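Novice: One structure, pasted below without further comment.
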Amino acid sequence: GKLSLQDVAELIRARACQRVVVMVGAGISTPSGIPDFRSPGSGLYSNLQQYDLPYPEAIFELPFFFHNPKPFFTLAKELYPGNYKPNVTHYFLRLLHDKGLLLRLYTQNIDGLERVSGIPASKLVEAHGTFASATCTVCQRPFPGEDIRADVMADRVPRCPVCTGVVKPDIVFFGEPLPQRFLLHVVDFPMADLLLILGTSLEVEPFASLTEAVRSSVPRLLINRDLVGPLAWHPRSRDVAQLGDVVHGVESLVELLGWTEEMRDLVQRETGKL
Ligand SMILES: [Zn+2]
């Protein structure tokens, strides 16, 4: 006796699941046009070859930042809040929160679109960082993202007002440790009664183990093109796959919840405010 997408949809309507924990990846955002800087062809990829990086991933290396910050900041300009807007996927999660069901949303994305869709900070774990804030590389003072917005959009490298050091946005670089809020997972996953995995393979650790971190009786809804990861290898009876386009699978569950109108309604107000 498996479950189906409607099954879950009805567990949320009946509110037999009311402490939902969601995990999202790159897949929920490419609908909003977030360009993969890794993939050639995208505009951002083009601008990055202009420099002397040995590979695209070296923007996220501290060495090949303090050597030249400009490559990173080229990404920074492209992703900096406002330039893109959230899609139906983020908004389902916005809604899921407003309806009081959202325990925590753990994201691997840096587009901060979870923020913009209107989910409060307390609900978010931006495990790979955010452009929302920054920190002086030298004097360690933090800065709200607006202060470096001026220099960033104008291709200048923002130096600190007190000491003139580089003000690096709070993006997690390879090698630096994951943000402190990631450690909420000790309490969130044991209290989660529903796990929701959208648009990512959960292949990189330590997120891969988190999927097995809900109690056994908890259903895990996956919505992704493929079926891989700890959901493929070690599945559970309570699991539900929704393979294919994420946007579509999101809409199908918004339907089966009967929210499809309330969703179009949210999409209305929040598109105007942007
Ligand atoms: Zn400083």
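We're sticking with Swiss-Prot numbering for chain A, so the shown stretch reads 121-394, in order.
Note: Cβ is positioned from N, Cα and C throughout, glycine not excepted.
Taken from Swiss-Prot, the feature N6-succinyllysine applies to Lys122. Annotation comment: Swiss-Prot describes 145-165, 228-231, 319-321, 344-346 as NAD(+) binding site, evidence class experimental evidence. The active site, proton acceptor annotation in Swiss-Prot covers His248 and rests on experimental evidence. According to Swiss-Prot, the feature Zn(2+) binding site maps to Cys256, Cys259, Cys280, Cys283, an assignment based on experimental evidence.
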Novice: Quick one: pull the CA-CA distance for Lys122 (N6-succinyllysine) versus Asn344 (NAD(+) binding site), whole Å only.
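Specialist: About 18 Å separate the Cα atoms of these two residues.
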Novice: Other than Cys256, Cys259, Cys280, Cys283, which residues of the same chain sit close to Zn(2+)? List them in sequence order, counting a residue when its Cβ is within 8 Å of the Cβ centroid of the site.
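Specialist: These residues sit around the Zn(2+) site: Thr257, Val258, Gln260, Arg261, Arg279, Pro281, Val282, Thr284, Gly285, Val287.
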Novice: Give the three-state DSSP assignment (helix, strand or coil) for the residue listed as 'active site, proton acceptor'.
Specialist: coil
Novice: Where does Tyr165 (NAD(+) binding site) sit in the DSSP three-state scheme?
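Specialist: Looking at the DSSP assignment, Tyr165 (NAD(+) binding site) belongs to a helix.
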Novice: Where's the emptiest Cβ shell within 10 Å among the binding-site residues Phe157, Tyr165?
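Specialist: Lowest Cβ count within 10 Å among the binding-site residues (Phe157, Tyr165) is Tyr165.
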Novice: For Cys259 (Zn(2+) binding site), what residues in its own chain, 6 or more apart in sequence, show a Cβ-Cβ distance under 8 Å?
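Specialist: The list for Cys259 (Zn(2+) binding site) reads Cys280, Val282, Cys283, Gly285, given in order along the sequence.
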Novice: Please list, in sequence order, those binding-site residues from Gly145, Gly161, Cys259 with the Cβ less than 6 Å from ligand 1.
Specialist: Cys259
Novice: Roughly how many Å lie between the Cα atoms of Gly145 (NAD(+) binding site) and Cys256 (Zn(2+) binding site), rounded to a whole value?
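Specialist: If we compare the Cα positions of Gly145 (NAD(+) binding site) and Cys256 (Zn(2+) binding site), the gap is 28 Å.
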Novice: Between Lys122, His248, which of the recorded positions has its C-beta surrounded by the fewest other C-beta atoms within 10 Å?
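Specialist: Among the recorded positions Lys122, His248, the sparsest Cβ neighbourhood within 10 Å belongs to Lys122.
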Novice: Restricting to the same chain and to sequence separations of six or more, state which residues have a Cβ under 8 Å from that of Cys256 (Zn(2+) binding site).
Specialist: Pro262, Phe263, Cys280, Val282, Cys283, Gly285, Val286, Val287, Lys288
Novice: Using a 10 angstroms cut-off on Cβ to Cβ distances, just flag whichever of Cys280, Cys283 is the loneliest among these binding-site residues.
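Specialist: Lowest Cβ count within 10 Å among the binding-site residues (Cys280, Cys283) is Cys283.
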Novice: Using the alpha carbons only, what distance in Å do you get between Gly153 (NAD(+) binding site) and the residue listed as 'active site, proton acceptor' once rounded?
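Specialist: So the alpha carbons of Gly153 (NAD(+) binding site) and the residue listed as 'active site, proton acceptor' sit roughly 19 Å from each other.
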Novice: Which ones in the same chain are close to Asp231 (NAD(+) binding site), with CB under 8 Å and 6+ residues apart in sequence?
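Specialist: When sequence neighbours closer than 6 are ignored, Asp231 (NAD(+) binding site) has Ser149, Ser152, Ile154, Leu199, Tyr204 within Cβ distance under 8 Å.
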